[PDB]
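One structure is given here, and the rest of the page talks about it.
Cβ atoms come from the backbone with ideal geometry, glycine included; neighbour counts cover every protein chain shown. Just so it is clear, none of the values below were taken in a lab; they were calculated from the coordinates.
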Amino acid sequence: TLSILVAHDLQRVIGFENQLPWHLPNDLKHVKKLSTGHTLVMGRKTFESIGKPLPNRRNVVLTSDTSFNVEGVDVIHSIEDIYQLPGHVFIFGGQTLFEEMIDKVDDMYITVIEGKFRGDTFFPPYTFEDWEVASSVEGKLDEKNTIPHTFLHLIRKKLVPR
Ligand SMILES: NC(=O)c1ccc[n+]([C@@H]2O[C@H](COP(=O)([O-])OP(=O)(O)OC[C@H]3O[C@@H](n4cnc5c(N)ncnc54)[C@H](OP(=O)(O)O)[C@@H]3O)[C@@H](O)[C@H]2O)c1
Ligand SMILES: COc1ccc([C@H]2c3cc(OC)c(OC)cc3CNN2C(=O)CCc2cc(Cc3cnc(N)nc3N)cc(OC)c2OC)cc1
């Protein structure tokens, strides 16, 4: 099973200057809960943004750099390699990988950041015409989590004759 895992704002911004534009602890907890025990596939720039592999899960980094070899990270050099990874694979970012994989994945776990941030990287456009909302859950707010956000689980709709 192959899934997208992403947070994007009301304009589909996902990043600014190789960082998340928002500070939202709850969403990182969301990521931790969904991806723990499973596999993360991310592009080279996304990895360097995090700097280290995330614990208790397989970290896979896609890069053309044959010299890439980081402790705790498996490396792949093409998209085709993704499909031979076992278990639940989460496409973890960033913009380039999302663009390459949005037409290939079974489902998407999207955190809609209900605000407008300055960004320089975006999630590709998509329509709910093509995706069923398996679940939609408002994130709870507090003094440490102040930006409204909604957790979506979207599943690709089957094309049928009507
Ligand atoms: N949910 C979120 O909000 C979220 C999640 C993740 C990341 N982000 C953000 O996304 C932004 C980064 O996105 P990005 O598009 O600039 O970078 P990216 O997708 O993380 O990394 C791009 C790099 O991935 C490698 N790559 C991608 N496709 C490849 C292929 N087919 N074959 C070989 N290598 C491939 C290349 O690395 P080489 O150049 O080394 O070959 C490419 O330069 C950051 O701002 C980050 O904050 C946001
Ligand atoms: C306050 O609660 C926290 C704070 C930090 C974390 C820690 C953490 C620390 C751990 O060890 C204790 C651990 O072990 C199990 C697991 C985890 C899990 N994630 N963590 C991170 O640092 C990664 C955060 C992060 C993600 C993404 C991608 C992403 C973003 N969002 C969406 N929706 N999709 C996504 N593809 C991009 C980032 O930059 C570009 C980034 O860096 C800020 C966990 C919980």
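Brief remarks follow.
- Filter pass, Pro161 being in a loop (DSSP other than H, G, I, E, B), surrounded by 12 or more Cβ atoms within 10 Å (Cβ to Cβ) and out of contact with any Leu (no Cβ under 8 Å at 6 or more places or on another chain): no
- Here the condition is being within 9 Å of ligand 2 (Cβ to nearest atom) and touching a residue at least 24 places away in the same chain (Cβ under 8 Å); of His8, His38, it holds for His8 alone.
- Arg57 more than 9 Å from ligand 2 (Cβ to nearest atom), under 18 Å from the mean Cα position of the chain (by Cα) and either closer than 22 Å to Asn18 by Cβ or polar (S, T, N, Q) (or both): no
- Single residue of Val133, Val75, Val105 found to be within 16 Å of ligand 2 (Cβ to nearest atom) and of a type outside the set (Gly, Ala, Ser): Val105
Every residue, every condition in (1) touching a residue at least 60 places away in the same chain (Cβ under 8 Å); (2) within 13 Å of the chain's Cα centre (by Cα), yes or no:
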residue: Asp81; (1), (2): no, no
residue: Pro86; (1), (2): no, no
residue: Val89; (1), (2): yes, yes
residue: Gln95; (1), (2): yes, yes
residue: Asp103; (1), (2): no, no
residue: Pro125; (1), (2): yes, no
residue: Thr146; (1), (2): no, no
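- Matching entry among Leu24, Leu10, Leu2 (being more than 12 Å from ligand 1 (Cβ to nearest atom), surrounded by 16 or more Cβ atoms within 10 Å (Cβ to Cβ) and within 24 Å of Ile113 (Cβ to Cβ)): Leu2
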